[PDB]
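A, B, C, D, E and F label the chains in the order they appear, each numbered from 1.
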Amino acid sequence: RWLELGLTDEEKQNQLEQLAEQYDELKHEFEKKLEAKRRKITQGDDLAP
Amino acid sequence: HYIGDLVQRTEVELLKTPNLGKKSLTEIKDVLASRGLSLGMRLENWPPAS
Amino acid sequence: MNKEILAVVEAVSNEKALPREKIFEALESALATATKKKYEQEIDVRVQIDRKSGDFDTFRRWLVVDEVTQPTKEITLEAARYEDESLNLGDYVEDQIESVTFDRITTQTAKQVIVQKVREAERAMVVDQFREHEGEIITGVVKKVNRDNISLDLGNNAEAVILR
Amino acid sequence: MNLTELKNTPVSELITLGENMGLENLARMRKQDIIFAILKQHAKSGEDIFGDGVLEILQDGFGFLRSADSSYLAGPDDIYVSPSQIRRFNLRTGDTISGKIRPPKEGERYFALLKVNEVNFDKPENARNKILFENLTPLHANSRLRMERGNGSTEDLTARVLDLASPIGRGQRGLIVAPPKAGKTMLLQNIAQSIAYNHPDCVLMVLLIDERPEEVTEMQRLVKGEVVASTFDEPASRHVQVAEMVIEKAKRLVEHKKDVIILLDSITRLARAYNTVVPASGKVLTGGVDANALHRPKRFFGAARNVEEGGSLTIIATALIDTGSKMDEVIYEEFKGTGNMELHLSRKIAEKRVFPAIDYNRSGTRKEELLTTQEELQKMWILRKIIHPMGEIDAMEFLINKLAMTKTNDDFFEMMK
Amino acid sequence: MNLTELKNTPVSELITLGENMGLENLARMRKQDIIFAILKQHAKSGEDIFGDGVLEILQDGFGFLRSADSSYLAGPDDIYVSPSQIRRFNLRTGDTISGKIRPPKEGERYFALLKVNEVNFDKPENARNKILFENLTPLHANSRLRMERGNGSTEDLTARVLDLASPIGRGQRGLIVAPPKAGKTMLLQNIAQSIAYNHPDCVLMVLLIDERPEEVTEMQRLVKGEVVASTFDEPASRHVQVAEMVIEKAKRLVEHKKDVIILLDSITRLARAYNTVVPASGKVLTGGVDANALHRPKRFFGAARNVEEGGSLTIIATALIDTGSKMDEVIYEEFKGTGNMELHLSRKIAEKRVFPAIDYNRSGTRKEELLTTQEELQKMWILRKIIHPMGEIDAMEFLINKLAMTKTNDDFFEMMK
Amino acid sequence: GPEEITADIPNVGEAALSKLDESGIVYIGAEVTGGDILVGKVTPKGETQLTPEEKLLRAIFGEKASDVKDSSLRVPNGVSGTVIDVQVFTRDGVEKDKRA
């Protein structure tokens, strides 16, 4: 829960930022998948007039 | 370990034991006394024979 | 939900004949009986539905006595050092919270006990307001006759009994 | 680990302390969450906690212990107390209590009071042996509360003229009548300083209702005493709440045979608050005040009296006039003949930047004969006769000069011969 | 490709730029859709985007980055930020942030913040090491903010009389009390110009709530500073929204140890807005204002203070009086004794077309002794004593003449001897 | 008036309704051997505009719900077994019951 670290910018900051970006992108993609599934299963279906 | 080592112990010696608050104490007083007996009694025939 | 509770307390016919406070007391009794019928063990529970500020929150009454039968509602008169009692009697706990008060059996027992409580309260009220006139001649039509007693109506659903 | 030990030290000490204790960044939380998390993490190491605070009764039955850091309001660090303790140990609003406390147990969110150790600086055993407030027999003020420092500093004049204009006593009823920006704040600060220096035995408390935060922060570090305040950042509900808190604290303390002195600033703000929190009763007069909207100010002010068995409650509030709105005036109107001592400050004198700007003959004290001796009373009458034919402004200047020549008022009185 | 680079240049540059980039006719879209489509088509060529904006917290957890082009409102070009970034880097309302951004990804509609680079003109590494606002110890104003230009232009008089009527300092609490059409706009413009010239280190911001669009467009190109406004084209929801935006921006900036100066015009419009967006609480007084409808103006105004560790927040708002409706009056009423500095402009002086129309002795500053030196204070007292016996109008004319003869106020003071 | 799937079935006791839930659908795992109402379908027959106050009143006080027709669906006489799954589909707009 404490990914926050920092020292020796040149490469450490680059790699840490790349990995944090991958992490947040993965979390956002999974949240998008969950929200799509929710909107899909909660969408009411037509039955008849 | 044994139940006979616990029936001879009034609940006065439980809430003083750590990690014994509300849920644990309620579970203990429920699952132990619902079988007819109770927690805290005076008996001398223990343990026969171990 | 609690919005349904407010709709119920506001959709009563005899509003002042049974005010919000005693309405919510009857509902507390309803939820207590419901929680009693939920668990196989017998345990007294107060609700305190929080008439206007918030929702309900069940509790766990102890009924402090030196007995141990069903220790869910048993605690000695001296257990006061830990769990912050510091008393001799009346020590009750607030362990279990947020029961369910809208399922089938809960709704059934609620409706039944509410009917009972409202009819009892209204009968006692219509009798008590006439109690101040004890020892006076009153009018009123009879309602029903029988071989043991008869019923009389003094107006505004005032039920009176006249024995044989 | 006591609650007050974290209650009084500034936020910076809390920061370094929590950063030492290996905490989540406490700089993201409020003072109350700071103390809450620090006490949490301290108890997580296995210590039994001690605490203190003033009790507030709730309508659900239970009570809550507040501190002067929150100005006696709801907070995460308030200590919950069951109604049954209030029953057995006879608790009520205003009872300050210190004793054994623990953090909220499993599923709770507020501290619990285990063991009572001090009720209003008394043994909880004798706390049940108390006398009520309304059953008291009030009296006039007999003991003199000398306000003169005697050191003869430059500002001390504003105190000596006190002893020459309107005497004070234990349990006095005083009203400060002055327009805005006339010098009430410096006067009140000098009053508090002189009382805390000459009478350190009586508890000193000050009310700031709907004031500026700079005045609050300057007051809380200028007087030697625990102060409470409420700025305009907050609704009038907070003002009335702190009003019951302070008035019940004073009541319980004087019931414990203690001399309480409250300096309220200002009663006009408190009247506005009481009027705006009270519901409409259909009884409206000029200004926009409800008829029952003044019952609460009348209650708060009539709380002042001098007890015979021991102790007293002096209440000195300032009222605002000449504010352009008639409503304020009406307030002052009903507070015209209710007080037996008044400090009248006219803006005409303060307009010349000559301080203190006090109207002498418009000020006075009822039944002041029992507060001073015969020589002092005769000299007061002579001074009043000398100052009466002259006006307000340069006559006040005359008093200021005659006061600045002498060191204390004994030399001034002897010179007046 | 930065967001501000398209944020500040006029619509015409955007037109030619998009017409160069081979676009659908961008003249059919709004400014926000212009920037949105241009950034879309730029990223469609394969560039990583940079952006900036002020954060707004939403109740669903996530945040949105707004710009001053939309006056801090919802728009298609607002940058979405997840709540987890707000957690890790400790974000909140008012935190201006600039860093790596990308257009909304597949199926999304708002820009996403990749990498934080500047939090309130600071490193995001130290952004977590901040001090809160309410934990601050307020004080009085000590540093003087000289408003005089010294060049002696024709309009500069309206500034010099400032240094002669009501001194300003860092963290001052000022209220402009004037009837409509008396000259508040030119006064505020001169205030902004003088501050931006003499003190370019402190950030300068201005609030225009329910104003005319011509005044907004004249303000946004007369002062050297980023301005925000809200005309009457928009509901009061927009006004309260921009109110939180600006007040939280000022709060975060002063938390970052920066001196913020906000010029609000007018507080009467803001009070009307706050009253009309607040729901009814059953507490109505004269004028039609709810009792809790004023809690938000009280909050916004009490936000002003002088911090001790570093930085300050000066808030100078104008109030409207003599508008024929009692409601406005009641507003000014509760804002009567809340401020420690006031600029009183009477319509009687502005009626003669003599500017600036300032009421001298009705104006003043509380605790102004800590803002100026001893010589300056003594000269101020002498000037007040000279101007007091005379009236308002031609006495103001006398001050205007005595100011126009000398070049700066040093010569005026020496001549007053 | 449209139909309702509530649990207020008049002209019948509680034994036939003991297998119904709070919403008006038989529980998941409730056996049935004879003709038993497993869903509380009611339809209004006459005047509409039954006030919600009087609606909840009829469930507690007053007379029975008249415009119901007791058109609920029960299992045919002859089939037995235990229900294992219930399916419900709600058109966009109708209040989704808590079982859905």
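Everything below uses one rule, namely that contacts are C-beta pairs under 8 Å (C-beta built on N, C-alpha and C of every residue); 3 or more make two chains touch, one makes a residue touch a chain.
**Q** Would you mind checking the shortest number of contact hops between subunit B and subunit D?
**A** Minimum number of steps from subunit B to subunit D: 1.
**Q** Could you name all chains that are in contact with subunit C and with subunit D at the same time?
**A** Under the touch definition, subunit C and subunit D have B as mutual neighbours.
**Q** Among the chains in this structure, which pair is joined by the largest number of C-beta pairs in contact?
**A** Most contacting pair of chains: D-E.
**Q** Report, in whole Å, the distance between the mean C-alpha point of subunit B and the mean C-alpha point of subunit C.
**A** 36
**Q** Distance from the CA centroid of subunit A to that of subunit D, rounded to the nearest Å?
**A** Their C-alpha centroids are separated by 56 Å.
**Q** Just the number, please: Cα centre separation of subunit B and subunit F in whole Å.
**A** The answer is 49 Å.
**Q** Roughly how far is subunit A from subunit C, going centre to centre by Cα mean, in whole Å?
**A** 52
**Q** Specify, in ascending order, the residues of subunit B that touch 2 or more different other chains.
**A** In subunit B, residues 22-23 touch at least two other chains, as defined above.
**Q** By the touch rule stated above, which residues of subunit D touch at least two different other chains?
**A** 105, 107
**Q** What are the touching chain pairs in this one?
**A** A-E, A-F, B-C, B-D, C-D, C-F, D-E
**Q** Inside the complex, what are the residues of subunit D that reach subunit B?
**A** 105-107
**Q** Note which residues of subunit C are touching subunit F in the complex, please.
**A** Listed in rising order, the residues of subunit C that touch subunit F are 7-8, 11, 13, 102-104, 107-108, 111, 114-115, 118.
**Q** Which residues of subunit C touch subunit B once you look at their complex with the stated criterion?
**A** Where subunit C meets subunit B, its residues are 40-41, 68-72, 76, 79, 82-83, 93, 95.
**Q** Using the touch definition up top, name the residues of subunit D that touch subunit C in the complex.
**A** Residues 60, 82, 84-85, 88, 102, 105, 107, 112-115 of subunit D touch subunit C in their complex.
**Q** In the complex, go through subunit C and note every residue touching subunit D.
**A** 48, 83-84, 86-87, 90-91, 95, 97
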